[PDB]
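Remarks on the structure that follows.
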Amino acid sequence: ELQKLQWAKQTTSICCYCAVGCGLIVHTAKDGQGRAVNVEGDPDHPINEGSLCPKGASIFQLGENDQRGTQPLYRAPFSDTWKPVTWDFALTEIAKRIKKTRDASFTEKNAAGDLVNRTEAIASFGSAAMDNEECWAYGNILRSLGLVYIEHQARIXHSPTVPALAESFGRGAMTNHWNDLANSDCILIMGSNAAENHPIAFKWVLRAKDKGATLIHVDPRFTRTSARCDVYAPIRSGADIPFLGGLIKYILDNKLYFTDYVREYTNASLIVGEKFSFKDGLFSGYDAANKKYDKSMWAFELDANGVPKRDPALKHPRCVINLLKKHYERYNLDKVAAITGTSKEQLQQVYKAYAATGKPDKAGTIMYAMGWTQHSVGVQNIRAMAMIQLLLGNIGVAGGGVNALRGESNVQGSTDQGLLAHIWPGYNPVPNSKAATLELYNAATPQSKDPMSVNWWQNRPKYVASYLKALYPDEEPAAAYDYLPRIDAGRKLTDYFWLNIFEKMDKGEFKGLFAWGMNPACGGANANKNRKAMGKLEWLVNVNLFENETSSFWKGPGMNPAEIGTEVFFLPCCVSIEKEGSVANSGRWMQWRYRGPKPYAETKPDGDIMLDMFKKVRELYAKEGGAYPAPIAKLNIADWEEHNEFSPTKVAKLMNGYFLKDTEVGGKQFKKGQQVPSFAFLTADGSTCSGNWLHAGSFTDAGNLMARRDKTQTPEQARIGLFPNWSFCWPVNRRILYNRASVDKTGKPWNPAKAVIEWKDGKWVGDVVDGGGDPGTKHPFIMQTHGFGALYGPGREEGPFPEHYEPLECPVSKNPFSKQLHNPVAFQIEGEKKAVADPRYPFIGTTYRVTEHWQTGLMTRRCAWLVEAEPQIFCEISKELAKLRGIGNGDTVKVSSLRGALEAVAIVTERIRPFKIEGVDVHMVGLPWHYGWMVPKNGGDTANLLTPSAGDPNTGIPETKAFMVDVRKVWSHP
Amino acid sequence: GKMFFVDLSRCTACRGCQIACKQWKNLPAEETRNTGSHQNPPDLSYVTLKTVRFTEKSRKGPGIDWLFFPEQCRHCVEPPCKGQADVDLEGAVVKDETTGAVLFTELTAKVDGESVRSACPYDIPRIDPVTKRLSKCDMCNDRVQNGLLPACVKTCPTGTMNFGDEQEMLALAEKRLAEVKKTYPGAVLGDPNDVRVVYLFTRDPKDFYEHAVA
Ligand SMILES: Nc1nc2c(c(=O)[nH]1)N[C@H]1C(S)=C(S)[C@@H](COP(=O)(O)OP(=O)(O)OC[C@H]3O[C@@H](n4cnc5c(=O)[nH]c(N)nc54)[C@H](O)[C@@H]3O)O[C@H]1N2
Ligand SMILES: Nc1nc2c(c(=O)[nH]1)N[C@H]1C(S)=C(S)[C@@H](COP(=O)(O)OP(=O)(O)OC[C@H]3O[C@@H](n4cnc5c(=O)[nH]c(N)nc54)[C@H](O)[C@@H]3O)O[C@H]1N2
Ligand code: SF4
Ligand code: SF4
Ligand code: SF4
Ligand code: SF4
Ligand SMILES: [S]
Ligand SMILES: [W+6]
């Protein structure tokens, strides 16, 4: 056998980088007692089959890295030095600062005198990089301390996708899964670099092509994805809506929609109120003064029973499908070409190819991510594509869907666990101030009187009650509800989000920050604002693998440590392979992973760090009292622990949930202490606890379903690779969502050759059906109020149809579609100037990734094989732009915006070409944002020195993908 | 013995293979810089046995022909490197009679390294200037002798890398050549009767690398 592996124990794990969720084999020396000796792919894993991209293939170099933190370090105010300290010192002092800050900043009641019970002066950032059990424990810890400013990666990543797809379909999640790409007949990759950023996905994309699919990449750059597609079309950054509205128009004009699917399954028939109009950029109900829409102007006309009226002939002028045809009739080839840079020929070619999946037995799929989300119009970009998919019958089918590609390993899961300011675990809203009782909270939920509309959210009362009974089990739901903090009902939700946290930090309003597995000194847009802002904190707790640009902002570029009063605690955490837990992939596959080696040096898993820190805070409250100590004293944390350690297994069981009492539910009978087998059998009365309802099914009486490694399939399941016995996906192992739309009212597949489910005997066969009920008896979209795929979606801040607006910094003074240049209700901070068609910043700036690095490169900048492949910040420009600026391939260049400047090596390439925008060449400058001042030497700093703190009014995601810059040659050096 | 079939019509230049090879052998990193290309390291060296070469060529209409070449020893059926090395000292270059692997030993430090390199039609061997030892791809021969795929083949996500018996891989190379030729009319197999690493190139192999073929 192999000398290297021989006397080493083998364990299975899941890649700690992207949301594909590839399987690892780990070898640990001396049957598990020594260090990792080897990490490589798990040949048995149904997603990667042993494959790893270079980030997965280098995990050994990350885990066995002698630059890793070894113990806590403390930076005294105005100090230029780290001091080594004990966990006992570090966690007692932090507990002290938490309490001191909580006591001095606690709001029992707001201005208006409503109850809110919230800590104003502490914020938390993180983290999508933690295991699902740690994320849920972490949120509950911070909420029990009264925090409302709780944010992570999701805010600045796929936040717009959740409302965009929820509005369209009922849920915000990726609709299909990685193995399902192979079933597609046309893969459109757009706002995505999937060969670089989801590399194992390309195994399945290429397998689609092997079985007859066309692969289309639409991107402002020619990339490693583009090299391997049949069709490449350029598009200018910030011009997706025109491209997609074009395609809506092309589909409607040429009768390429799936008629039966549109009539029965979309809100096509539903009649909108005479109140709805649209004129020269603005929907009806614009309040100019306050930058806000009166959404009530967009309501459907109700019948007599409070149900939206339907004309199933599609003749009424106020049918959605007729206002759709009217809204997108401006989006003609010549206007789209003129504003995208894309030629008429290329639109025609891509439109003809995609629109052809219209047929019932064809499936087209979109793979999108940050090229669409990181925009002032991000929600509307994703809405426009959701709409196209419904017109073409691609929602619910094998090889269809909206494949919103999630980023980090557990971003799907951290979001599920409510590490965002607007949501508790399971996407139940954070209460605002009007919701003074549980009844007033639960009564927010919209009702349907349509007997065919499941409107499944109506069960929210059960999930809220089970949630409070997981936290506070010796209490009534209604009494425990008062222990949890609330936001103000009069304030835009963007007030509670990433960009406004940093704006408030920059005015002195924050005393403490947890930077828990995030690097906002490099990851946050407008990095110079953030670096100065952190200097206004009294304390900062950085939990991470390595010293970094956040931990050490006080000794960054242009900083004098002696001027900066921030106390910093750096607490070193352990890598993925040194702990047990689950991570949820883009497909909602919740996968269990085991420990290989013991934690390195004095590093600790996050669960243990946060559990220790909370106990010391509870001890301080027991001993001295202070502000509202009840939430802190009463939080059930004894269910989180075993042999004096944090217990991921017992936290998973509690997130799945269990009966506190014997009970009868769904007319079925259950013992006390029994695991809730499904969210169906949860209750509003206190009979059941469940930390996260979406987890009810994950850990039943049959064992840990996330730990299943069973590739067994029926022949129908094998035809489209569901692998329903590999781990567990939410909800209740529904692998393809909205699968009711994949059949006719009989329950026969639209594509028998690629069937998701079929009515055969008296059973649904294939996937778990997405909603109970015989064929034809229910609307297929069970999380929607009205039960339909929304073509018209009136809950969105900018309006119920996508409309093109230029980025807040744009190369045009004038918008060809309307007199509204920018998004009329865009999130912006007064006094922050915007380079609009300014000669000083004449070029489009964009930021993106490479295959070989990860996020801010905090991790991969430490990994010598990945630095070897991509050693330093580069700048991609066309030959045309390089000629204009006298820039030679390999020259040093300085890229600048209103907000900052940095140097980079120029990559002059034909892979970037100028954009003919209204007859004028517009040049683009591309930067990767993986670089930072701390390491390596000569790597460069973060592209976020350039980016603006403005963005989407629905989610506050920054516009990191489209801004304005200059580039000049730099003449320095021997 | 064994053969690689390397279908460059599927390569995303992810560099999984480049990092997989260093992980399996725990090789060090070279000190690199960006000189206006993703390519790095720029060449094979004593400590880099595989690197992905990046060439930009033109095509009609939009985009470019982006040509990815993951370079490695071809494991010649009749290796000139061994012929050259046997002139100075037998045992410096040996052949696995079972796998076909061409293998460098420590006795390479006793032979004229620059003449071994110059005898290689693919310009593959690399010398350590300190010890005068030669290195290159060793076919992950120890993994192959124990029923495992080479590190770079197991890691590959796209079906670019393929390994197995010479009969199954030559039958694969021919099947795949005929499909790729439909969508790439200049596609050719690299010296397929002479090496155990058979590349399918989508156009003139010289566009991928000057030493792509003999
Ligand atoms: N290798 C690697 N993989 C990663 C990551 C990483 O850091 N490195 N990070 C992970 C994370 S957290 C995330 S969220 C995902 C994101 O993955 P992607 O979204 O694929 O990442 P980006 O490369 O940032 O953006 C994709 C593409 O958007 C294009 N683009 C820029 N502006 C526009 C525009 O206005 N419109 C359109 N249509 N395209 C535009 C860029 O040219 C780029 O090719 O990747 C994940 N995977
Ligand atoms: N200009 C620009 N800015 C961007 C983007 C862009 O495309 N362009 N992308 C945005 C997106 S999609 C995202 S997701 C954000 C990401 O921004 P950040 O999350 O701030 O990026 P990093 O901190 O590098 O990435 C994850 C961190 O998790 C840490 N980590 C790993 N394992 C563990 C663990 O077990 N515990 C803990 N506590 N930490 C761990 C890593 O060490 C690393 O520091 O950046 C955003 N910013
Ligand atoms: S980074 Fe993503 S694609 Fe690469 S090995 Fe990890 S999970 Fe797989
Ligand atoms: S041969 Fe395979 S692993 Fe290597 S760069 Fe190409 S696709 Fe990536
Ligand atoms: S490619 Fe060169 S180094 Fe490799 S076996 Fe052939 S002659 Fe020897
Ligand atoms: S066969 Fe082994 S030694 Fe040769 S390139 Fe691949 S991983 Fe490296
Ligand atoms: S993410
Ligand atoms: W992300």
Side-chain angles (χ1 to χ4, degrees), chain A residues 1-4 38-41 43 48 50-58 60-61 195-196 199-203 206-207 210 222 224-228 230 232-234 343 346 850-852 864-874 888-891 905-911 913 938, chain B residues 9-41 47-48 51-52 54 56-59 61-68 142-143 145-149 151-161 179 183:
Chain A
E1 38 198 66
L2 282 180
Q3 302 309 341
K4 177 172 189 179
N38 197 86
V39 185
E40 64 175 75
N48 57 306
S51 297
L52 291 177
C53 78
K55 298 186 305 299
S58 66
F60 172 77
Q61 184 160 83
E196 290 192 47
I200 269 69
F202 238 67
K203 176 185 291 261
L206 289 184
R207 274 177 191 179
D210 290 341
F222 196 100
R224 296 183 230 183
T225 305
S226 318
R228 297 278 73 86
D230 298 298
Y232 170 69
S343 79
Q346 285 219 276
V850 301
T851 312
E852 298 86 2
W865 305 316
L866 306 176
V867 175
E868 162 178 68
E870 285 286 3
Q872 54 200 155
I873 192 172
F874 58 86
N889 191 49
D891 284 356
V905 178
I907 304 193
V908 178
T909 171
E910 248 172 62
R911 297 185 289 107
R913 295 184 46 62
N938 295 333
Chain B
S9 73
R10 307 181 78 93
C11 184
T12 54
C14 73
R15 281 188 285 194
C17 40
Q18 176 171 314
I19 272 63
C21 180
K22 295 224 183 187
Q23 198 274 153
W24 177 246
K25 295 168 162 53
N26 299 105
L27 288 166
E30 300 175 38
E31 183 54 39
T32 54
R33 62 177 212 290
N34 201 308
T35 57
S37 180
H38 295 286
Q39 194 158 312
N40 257 318
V47 299
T48 299
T51 198
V52 178
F54 287 76
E56 298 184 15
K57 290 293 198 198
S58 72
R59 74 186 189 190
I64 67 160
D65 259 17
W66 205 5
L67 299 195
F68 312 130
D142 286 339
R143 289 175 61 92
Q145 283 179 326
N146 286 285
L148 306 191
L149 296 177
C152 61
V153 181
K154 191 188 181 189
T155 209
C156 182
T158 59
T160 285
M161 293 315 282
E179 188 54 27
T183 151

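Proteins get letters first, then strands, A, B, ... in listed order; numbering begins at 1 in each.
- With a 6.0 Å radius and a threshold of 12 heavy atoms from other residues, nucleotides or ligands, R913(A) has its CZ atom at or below the threshold.
- Neither the backbone nor the side chain of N48(A) comes within contact range of chain B; no heavy atoms are under 4.5 Å apart.
- Residue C156(B) touches chain A through its backbone alone, counting heavy-atom pairs closer than 4.5 Å.
- Residues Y232(A) and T225(A) have side chains not in contact (no heavy-atom distance under 4.5 Å, counting atoms from C-beta outward).
- Sorted pairs that involve residues 26-36 of chain B and meet salt bridge (charged side-chain N to carboxylate O under 4.0 Å, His left out), not counting sequence neighbours, are lacking altogether.
- Chain B forms more heavy-atom pairs under 4.5 Å with one residue of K4(A), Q61(A), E1(A), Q3(A) than with any other, namely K4(A).
- For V908(A), no part lies near chain B; criterion is any non-hydrogen pair under 4.5 Å.
- Of the two parts of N40(B), the backbone and the side chain both hold a non-hydrogen atom closer than 4.5 Å to a non-hydrogen atom of chain A.
- Only the side chain of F874(A) comes within less than 4.5 Å of a heavy atom of chain B; its backbone N, CA, C and O stay farther away.
- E852(A) touches chain B through its side chain: at least one heavy atom from C-beta onward sits under 4.5 Å away, while N, CA, C and O do not.
- Only the backbone of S9(B) comes within contact range of chain A, judged by heavy atoms closer than 4.5 Å.
- Contacts between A906(A) and chain B at a heavy-atom distance below 4.5 Å involve the backbone alone (N, CA, C, O).
- Salt-bridge annotation for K25(B) and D142(B): absent, with no side-chain N of the basic residue lying under 4.0 Å from a carboxylate O of the acidic one.
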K154(B) vs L52(A), side chain to side chain contact (heavy atoms under 4.5 Å, CB included): CA-CA, chis, key distance, verdict: CA-CA 8 Å; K154(B) 191 188 181 189; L52(A) 291 177; over 6 Å; no
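- For chain A, the nearby part of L27(B) is the backbone; its heavy atoms alone come within less than 4.5 Å.
- Applying the side-chain contact (heavy atoms from CB on, under 4.5 Å) test to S343(A) and every residue at least two apart in sequence or in another chain returns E345(A), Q346(A).
- Residues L866(A) and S58(A) come closest through the heavy atom pair CD1-OG, 3.4 Å.
- Ranked by heavy-atom pairs under 4.5 Å with chain A, the first of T48(B), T155(B), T12(B) is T155(B).
- Top candidate by heavy-atom pairs under 4.5 Å with chain B, chosen from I200(A), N889(A), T851(A), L2(A), is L2(A).
- By number of non-hydrogen pairs under 4.5 angstrom with chain B, the leading residue of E910(A), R207(A), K203(A), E40(A) is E40(A).
- Only the backbone of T35(B) comes within less than 4.5 Å of a heavy atom of chain A; no side-chain atom from C-beta onward does.
- The residue among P41(B), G61(B), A20(B) with the most heavy atom pairs within less than 4.5 Å of chain A is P41(B).
- For the pair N34(B) and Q872(A), the tightest heavy-atom approach, listed with the atom from each and the gap, is N-OE1, 2.8 Å.
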Check against side chain to side chain contact (heavy atoms under 4.5 Å, CB included), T51(B) and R15(B): CA-CA 8 Å; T51(B) 198; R15(B) 281 188 285 194; 5.9 Å; no
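- Closest approach of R224(A) to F54(B), counting heavy atoms only: NH1-CZ, 4.1 Å.
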